[PDB]
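# What the coordinates show
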Amino acid sequence: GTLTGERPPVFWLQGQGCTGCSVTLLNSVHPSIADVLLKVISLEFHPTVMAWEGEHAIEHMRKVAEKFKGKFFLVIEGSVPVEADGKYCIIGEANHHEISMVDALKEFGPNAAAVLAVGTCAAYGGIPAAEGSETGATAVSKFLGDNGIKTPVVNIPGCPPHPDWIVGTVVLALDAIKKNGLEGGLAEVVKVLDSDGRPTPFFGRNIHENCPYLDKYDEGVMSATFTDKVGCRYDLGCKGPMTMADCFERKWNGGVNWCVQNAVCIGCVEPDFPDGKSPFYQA
Amino acid sequence: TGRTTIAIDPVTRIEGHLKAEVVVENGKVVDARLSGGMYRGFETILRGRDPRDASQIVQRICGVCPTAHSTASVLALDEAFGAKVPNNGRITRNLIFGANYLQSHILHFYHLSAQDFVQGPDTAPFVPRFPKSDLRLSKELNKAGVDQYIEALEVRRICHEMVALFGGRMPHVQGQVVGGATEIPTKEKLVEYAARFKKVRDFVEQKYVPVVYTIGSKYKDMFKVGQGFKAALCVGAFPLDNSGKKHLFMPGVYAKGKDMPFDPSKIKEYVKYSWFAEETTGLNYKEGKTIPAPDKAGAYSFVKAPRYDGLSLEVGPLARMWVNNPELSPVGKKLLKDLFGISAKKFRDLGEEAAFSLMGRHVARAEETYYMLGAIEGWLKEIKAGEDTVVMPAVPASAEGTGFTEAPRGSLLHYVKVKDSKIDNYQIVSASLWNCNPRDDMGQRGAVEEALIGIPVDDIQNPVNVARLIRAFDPXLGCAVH
Ligand code: SF4
Ligand code: SF4
Ligand code: SF4
Ligand code: FCO
Ligand SMILES: [Fe+2]
Ligand code: NI
Ligand SMILES: [S]
């Protein structure tokens, strides 16, 4: 990219998020986050990092949204809570009117080129939707469908995702759009999503079948303490068998470690995370 | 001039969802209300689970400070399980968590706060902004701020590599569990941690600490506002031996000009002005309850109102530095003399008024970052490559435990009660809960609400100092509400 190249507008809305999906993106090695922001996208609204604030920030987003109707990308971090008329997530106030996450997704969702549901919360509901919750935390695709909003959704799950999955999905989409235009390009993206809406380049391979400890699993050699790095981690709770992600290759944080080497996989990219992956520390 | 009432929602360049509403009269804030507008309910989500799951689930309170929640949770679980963490595991935990102090403070100053004082480049997300943003730096010093913001993006990423070396990944570590740390440090990985640490040290010493004092010297008026109650809490953090009695930050309370001991039984959480059922007001965390009431009249936040023996206290780097009164960094001593005419040797030599101020909180955070370098260096000398870091304790049928630590933003505790081998109750009292809470049942304001009183608003169309004050506290509303 270049400082003077074409960069599409992006709005990043946080619902019931922890900001970990934003932070993981800040960890991108290549391109660096500075290069993403200055050379790849135009991040017009993001509550954690943007200069302006309050109603002025909301109105800026609304002005860009009008100028780029049908053409902006909407990132969602966190789930969308529907209980109590949306009151469990208020994201702003303008014109003396509070704006819930429900309101915001009904406003901007219909007018986005595509919605990127970043993280397991946005993609699938995640921890806010897990047993014992009471906010009506809802995944992006379900919320949009329930409200008759047909805008395409791409899921980029993980808790958090790896930055390369986020940036890489953006790059996949922008390449398809460069070759085919917006509608043709998004059709090419949809062709490479799995049944859970995830791009098969990053999510098309199973952890366990590619794991360096697979021989130990097959031999029945299981570590009995976390610090035994020779044996398989299955008896300690590893969910690699049930998990579709490329962590075994890509690893984490500049390649310095990954969950299975360090401890166990908890299945964080899967639609049933956390409840279907729990308990974490026994098979 | 008369009254103007100003609402800011969202307050940006913080973590999470915050509305601030201030009443301005004659150019000064005279009242304030803070609203945490997003709730998830971790304390109810956790019930019924295998207690060991907590040290993963709780991290999702916050992707900025997950290591703090991991730490509080594993300490609570260690106590409840009777797990005796090996010495080398204690040190490994300190290396995992300490690296995120560096990350979080650097993120806060540069990526959240610095735009309060520095004009970024002419493209989103650095524009548009207030037309009169009160950006006072020379072209050269402004450019240094921008250049350092950009460099800090790489430095904070390197800090997360440090976390992940023994923590597995970050955000959301895998490497802390009940019983210790899941990965023994190897000699080779300790070399890799130290090499990254050297780069972070050089940035902190040469760029970050100097820039905070230098920018502060162009905003000397910002040491004269934001005092609030001038009352602080520290609960202790980073154990230095296996006794549980010695910590890098030792506990204490400071209020009404007096140092006092910290007794956790004096914590109560009030809810009159919070969206929780009225019959849950006033509970200590060992008996805490979380019953949302989003339609309750008069309430304005999902943050509970914690009070310490009735006192409204603040937490964070200023609180810890004030309570513990360490020596100032060499470069801080020098720049205080050169740029401010102040001769100081220890933190309290700044005086109460300047320490408990908008800019004083930024200075305290920079000084604390420097202080953490020495702690991490010590742990790198103390750790033993190859020595076991974990025990594997059986889950108890019935137990309770509390973990106390200091997150980057301030005091954090987790309490767990286990019954029938499952979580019966789990209560969290977090840092930004202490800072960003609403009024208590007697109408006494939270710490940031009170610190807003007196903030200057000489231009109601560009009321920049309201959120500047808020950002000095490094709010994290995901943490505050959970
Ligand atoms: S997916 Fe995980 S890391 Fe991302 S917002 Fe949700 S809890 Fe946070
Ligand atoms: S460590 Fe986990 S992913 Fe690897 S072989 Fe064992 S069960 Fe499978
Ligand atoms: S190894 Fe498992 S828990 Fe770790 S990031 Fe990959 S999918 Fe998530
Ligand atoms: N630091 C941090 Fe997070 C907050 N506030 C916690 O605890
Ligand atoms: Fe709580
Ligand atoms: Ni936090
Ligand atoms: S943290």
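## Quick word on the overall build of chain B
Along chain B, the regular secondary structure elements total 14 helices and 15 strands. For a compact globule of 482 residues, the expected C-alpha radius of gyration is about 23 Å, and chain B comes in at 22 Å, within 12% of that figure. The long-range fraction of contacts in chain B, counting pairs at least 24 apart against all pairs at least 6 apart in sequence, stands at 73%.

## With respect to the coordination of the iron atom of ligand 4
Residues and elements named next belong to chain B. Bound to the iron atom of ligand 4 are the protein donor atoms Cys65 (SG) and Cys479 (SG), situated 2.2 to 2.3 Å from the metal. Between the two metal centres, the iron atom of ligand 4 and the nickel ion (ligand 6), the spacing is 2.6 Å, with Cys65 acting as a shared donor. Of the two residues, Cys65 is situated in the loop between α2 (54-57) and α3 (66-81) and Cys479 in helix α14 (residues 477-481); the sequence distance between them amounts to 414 residues. Overall, the relative accessible area of 4% leaves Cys479 in the buried class.

## Digging into the UniProt feature "binding site: [4Fe-4S] cluster 4" (unreviewed entry) in chain A
Residues and elements named next belong to chain A. In the numbering used here, UniProt assigns the "binding site: [4Fe-4S] cluster 4" (unreviewed entry) feature to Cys247, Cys259, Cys265 and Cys268. Their sequence span is 22 residues, while the largest C-alpha to C-alpha distance among them is just 11.1 Å; these annotated residues converge on one region. Mapping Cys265 onto the fold places it in the segment after α11 (259-262). If sequence neighbours within four positions are ignored, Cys265 has contacts with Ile207, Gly237, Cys238, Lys239, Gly240, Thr243, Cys259 and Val260.

## Brief notes about the UniProt feature "binding site: Fe cation" (unreviewed entry) in chain B
Residue and element names in this part refer to chain B. Sequence positions flagged by UniProt for "binding site: Fe cation" (unreviewed entry) are, in local numbering, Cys65 and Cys479. A maximum C-alpha distance of 8.3 Å places the annotated residues, which cover 415 residues in sequence, within one compact spot. With relative accessibility at 2%, the residue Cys65 sits in the buried group. Setting aside residues up to four positions removed in sequence, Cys65 forms contacts with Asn100, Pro408, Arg409 and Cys479.

## Examining the nonpolar core
With 218 residues, the main nonpolar core has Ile106(B), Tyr193(B) and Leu452(B) as its most contacted residues. Residue assignment places this core across two domains, with domain 1 (1-202) and domain 2 (203-283) of chain A each supplying three or more. What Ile106(B) contacts, discounting residues up to four positions off in sequence, is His111(B), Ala152(B), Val155(B), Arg156(B), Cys159(B), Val200(B), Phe203(B), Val204(B) and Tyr208(B). By size, the runner-up hydrophobic cluster in this structure holds 32 residues, among which are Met50(A), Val80(A), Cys89(A) and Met101(A).

## Here we look at the site of ligand 1
Around ligand 1 lies a shell of 13 residues, among which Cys18(A), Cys21(A), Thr120(A), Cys121(A) and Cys159(A) are the nearest. More than a single chain frames ligand 1: its nearby residues are located in chains A and B. Most atoms of ligand 1, that is more than half of them, are within 2 Å of grid points of the second largest cavity. Breaking the shell around ligand 1 down by element, the ones donating at least two residues are α1 (20-26) and α5 (119-124) of chain A. The leading source of residues in the shell around ligand 1 is α5(A), at 3 residues. Looking at the shell around ligand 1 residue by residue, the classes come out as 5 nonpolar, 6 polar and 2 charged.

## Focus: a negative patch on the surface
Residues and elements named next belong to chain A. On the surface, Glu209, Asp215, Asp218 and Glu219 cluster together into a patch of negative charge. Structurally, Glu209 is set in the loop between α8 (200-203) and α9 (214-219). For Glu209, a relative accessible area of 54% corresponds to the exposed category.

## Concerning the packing of aromatic side chains
With the rule as written, the count across this model stands at 35 aromatic pairs over all chains. Geometrically, the ring pair formed by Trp165(A) and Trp252(A) is edge-to-face, given 6.2 Å between the ring centres and 85 degrees between the ring planes. In this pair, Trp165(A) is assigned in helix α7 (residues 163-191) and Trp252(A) in the loop between α10 (247-250) and α11, connecting sequence segments 87 residues apart. A relative accessible area of 1% places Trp252(A) in the buried class. Taken together, a centroid distance of 6.1 Å and an interplanar angle of 20 degrees make the contact between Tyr254(B) and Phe356(B) stacked.

## A closer look at the interface of chain B and chain A
Of the residues lining the interface, 75 residues belong to chain B; the matching set on chain A comes to 79 residues. In total, chain B and chain A occlude about 6500 Å² of area from one another, counting both sides; carbon and sulfur atoms represent 58% of this. Sorting the residues of chain B by area buried against chain A places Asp9(B), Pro125(B) and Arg169(B) first, and these three jointly supply 10% of that buried surface. Viewed at the interface, chain A and chain B are joined by 4 salt bridges. The partner of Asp275(A) in a salt bridge is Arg49(B), with the nearest N and O atoms 2.9 Å apart. Applying the counting rule to chain B against chain A returns 43 residue pairs in polar contact. For the side of chain B that touches chain A, the secondary-structure elements that each account for two or more residues are β1 (3-8), α1 (42-45), α2, α4 (87-113), α5 (139-167), α6 (187-216) and α13 (464-472) of chain B. Per-element accounting of the side of chain B that touches chain A gives the leading share, 9 residues, to α5(B).

## Focus on unusual backbone geometry
Following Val127(B), the chain continues into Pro128(B) via a peptide bond in cis, with omega recorded as -10 degrees. Across the junction of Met170(B) and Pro171(B), the peptide omega takes the value -5 degrees, indicating a cis bond. With respect to the helices, strands and loops of the structure, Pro171(B) is situated in the loop between α5 and β4 (176-177). At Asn253(A), a residue that is not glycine, the phi angle is positive and equals roughly 55 degrees.

## Quick word on the packing of helix α7 (residues 317-324) of chain B against helix α10 (residues 358-382) of chain B
Residue and element names in this part refer to chain B. Interaxial distance between α7 and α10 falls to 8 Å at its minimum, and their mutual angle equals 70 degrees. Taken as axis vectors, α7 and α10 run roughly perpendicular relative to one another. Where α7 abuts α10, its residues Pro317, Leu318, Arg320 and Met321 lie against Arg361, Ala364, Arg365, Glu367 and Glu368.

## Description of the sheet that holds strand β1 (residues 9-14) of chain A
Residues and elements named next belong to chain A. As summarised here, the arrangement of the 5 strands in space is β2-β1-β3-β7-β9, forming an open sheet in which the pairing is parallel. Only two strands of the sheet have a single neighbouring strand rather than two, namely β2 (42-45) and β9 (153-156). On average, each strand axis in the sheet is inclined to that of its neighbour by 30 degrees, with strand direction left out of account. Relative to β2, β1 runs parallel, the two being bridged by 3 bridges. Among the inter-strand pairings, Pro9 is bridged to a residue of β2, identified as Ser42.

## Focus on the pairing of strand β2 (residues 18-25) of chain B
Residue and element names in this part refer to chain B. Two elements, β1 and β2, share 6 bridges in a ladder whose sense is antiparallel. Among the inter-strand pairings, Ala7 is bridged to a residue of β2, identified as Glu21. Across 8 bridges, β2 lies against strand β3 (residues 28-36) in antiparallel orientation. The partner of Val22 across the bridge, within β3, is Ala32. Turn length for the β2-β3 hairpin, with the two strands adjacent in sequence and antiparallel, is 2 residues, and the turn residue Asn26 shows positive phi of about 50 degrees.

Quick notes on the rules
Residues numbered from 1 in each chain as written, not as in the entry; some residues may be left out. Chains lettered and ligands numbered in written order. Heavy atoms only, no water. Residues with missing side-chain atoms left out of burial classes, pairs and counts. Helix = DSSP H or I, 4+ residues; strand = E, 2+ residues; numbered from the N terminus. Rg over C-alpha atoms; globule rule 2.2 N^0.38 Å. Contact = heavy atoms within 4.5 Å. Donors = N, O, S within 2.8 Å, 3.2 Å for Na, K, Ca; no water. Buried < 20%, exposed > 50% of the residue type's maximum accessible area, 1.4 Å probe, protein only. UniProt positions renumbered as here; feature names shortened; annotations may be inferred. Core = buried A, V, L, I, M, F, W, Y, C linked by side-chain atoms within 4.5 Å. Domains from an automatic or database assignment. Near = heavy atom within 4 Å. 1 Å grid on protein atoms, 1.4 Å probe; cavity = no way out; pocket = protein on both sides within 12 Å on 5 of 7 lines; lining within 4 Å. Sits in = over half its atoms within 2 Å of the grid points. Nonpolar A, V, L, I, M, F, W, Y, C, P; charged D, E, K, R; others polar. Patch = residues over 30% accessible without salt bridge, like charges linked within 9 Å, V, L, I, M, F, W, Y side chains within 5 Å. Areas by Shrake-Rupley, 256 points an atom, 1.4 Å probe, with all protein chains shown as cover. Salt bridge = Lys/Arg side-chain N within 4 Å of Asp/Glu carboxyl O. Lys, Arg positive; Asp, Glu negative; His and termini not counted. Charge placed at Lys NZ, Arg CZ, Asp CG, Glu CD. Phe/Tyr/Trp six-rings, centres within 6.5 Å; stacked < 30°, edge-to-face > 60°. Buried area = accessible area lost by both parts, 1.4 Å probe. Polar contact = N/O pair within 3.5 Å; in protein donor to acceptor, adjacent residues only side chain to side chain. Axes fitted to C-alpha atoms, helices over the stretch in contact; angles between N-to-C directions. Parallel < 35°, antiparallel > 145°, perpendicular 65-115°, else oblique. Pairing = 2+ DSSP bridges.

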